[PDB]
Amino acid sequence: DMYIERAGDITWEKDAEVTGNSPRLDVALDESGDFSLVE
Amino acid sequence: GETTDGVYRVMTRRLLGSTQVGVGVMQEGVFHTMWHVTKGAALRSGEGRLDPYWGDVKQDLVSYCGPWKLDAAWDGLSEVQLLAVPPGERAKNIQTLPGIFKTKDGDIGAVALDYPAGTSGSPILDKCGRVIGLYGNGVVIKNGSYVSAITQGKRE
Ligand SMILES: Nc1ccc2c(Cl)cccc2n1
């Protein structure tokens, strides 16, 4: 039996750690909801 | 139990110790997570029970106590914050500019940030702190790194 515990408010935090790139990707989505790289 | 808005951890005791299987958002008395986290199972909050109300394996989305409430969208321009909630670790904002999933049915925002699968369900925010979707369903790229969709539901 799974259960939930609160972990924080939902807020924009000015001067948070700014990382990660912005890739453009060709993908397909199956009936099962799993994504896949179309190449 | 606790109905306060904000982000929650999703835990099981069915394995060794207490294990965090994913994350979710309480808003307007509705709890929003990803389907692969709960598998449409009921949840506990204090002595309270949360029963599934809506879900779709293909969207990989599921709401508890009411219909999906989160109707904010990436503008396709501005940066966003992943309010990440990792297992064992404190909530932490990570700011990024999303890439794109190109599909036959349309283009979807994507966030390239790599975190344990237990982080599935963590929300993604616009500059006004509105939830524009959920992290935890996407794809592994050439490098072996993970890239997640910005997964958003439809409100009524
Ligand atoms: N390497 C991986 C594999 C699966 C993942 C899921 Cl399901 C969610 C978030 C990150 C992930 N990273």
Side-chain angles (χ1 to χ4, degrees), chain A residues 2 4-5 7-8 10 16-39, chain B residues 7-12 14-25 31-41 43 52 55-64 68 70 74 79-103 108-125 131-153:
Chain A
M2 302 173 184
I4 62 158
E5 317 193 313
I10 293 155
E17 172 198 341
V18 181
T19 177
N21 63 301
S22 308
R24 289 177 196 261
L25 292 185
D26 268 351
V27 301
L29 175 51
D30 68 19
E31 199 176 66
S32 307
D34 307 301
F35 285 107
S36 53
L37 282 180
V38 174
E39 289 261 32
Chain B
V7 62
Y8 287 69
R9 295 183 190 257
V10 175
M11 310 288 317
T12 185
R14 217 182 54 87
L15 277 12
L16 198 85
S18 302
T19 310
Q20 185 187 293
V21 305
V23 176
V25 172
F31 192 61
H32 308 82
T33 195
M34 305 208 90
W35 193 93
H36 79 267
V37 180
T38 70
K39 305 287 194 227
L43 304 175
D56 191 320
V57 152
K58 188 178 192 195
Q59 296 185 59
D60 187 22
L61 284 186
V62 62
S63 72
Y64 286 76
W68 195 267
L70 311 181
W74 187 31
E79 276 180 5
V80 303
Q81 276 173 30
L82 175 62
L83 177 27
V85 176
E89 301 184 0
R90 179 158 59 269
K92 175 190 40 161
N93 302 39
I94 319 290
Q95 177 152 330
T96 197
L97 181 78
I100 305 261
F101 278 3
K102 271 161 221 182
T103 84
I108 327 159
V111 298
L113 293 174
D114 198 350
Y115 280 101
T119 338
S120 276
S122 311
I124 299 159
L125 318 180
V131 184
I132 58 160
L134 299 195
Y135 168 90
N137 200 35
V139 79
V140 166
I141 46 157
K142 275 194 73 77
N143 342 347
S145 186
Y146 176 81
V147 191
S148 163
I150 310 178
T151 301
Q152 185 55 314

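All values below were derived from every heavy atom in this structure, side-chain atoms included, with hydrogens, water molecules and symmetry-related copies excluded. Quick note on labels: first sequence line is chain A, next is B, and so on, each numbered from 1. Numbering of ligands and ligand atoms starts at 1, following listing order.
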Original post:
Does any non-hydrogen side-chain atom of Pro87(B) lie less than 4.5 Å from one of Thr119(B)?
Top reply: yes
Original post:
Which heavy atom of the protein is the closest neighbour of atom 10 (C) of ligand 1, given with residue, atom name and distance?
Top reply: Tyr115(B) O, 3.0 Å
**OP:** Provide the full list of ring pair (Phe, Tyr, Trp, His ring centres under 6.0 Å) pairs with a residue in residues 17-39 of chain A, sequence neighbours left out, each pair given once.
**Re:** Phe35(A)-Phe101(B)
Original post:
Does a side-chain heavy-atom distance below 4.5 Å link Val10(B) with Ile4(A)?
Top reply: yes
**OP:** Please identify which atoms of ligand 1 are closer than 4.0 Å to at least one heavy atom of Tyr135(B).
**Re:** 9 (C), 10 (C)
Subject >> Results of ring pair (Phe, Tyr, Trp, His ring centres under 6.0 Å) for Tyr115(B) - residues two or more places apart only >> reply: none
**OP:** Do me a favour and list the nearest non-hydrogen protein atom to atom 7 (Cl) of ligand 1 with residue, atom name and distance?
**Re:** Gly136(B) O, 3.5 Å
**OP:** Specify the protein heavy atom at minimum distance from atom 3 (C) of ligand 1: its residue, its atom name, and the distance to 0.1 Å.
**Re:** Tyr146(B) CD1, 4.3 Å
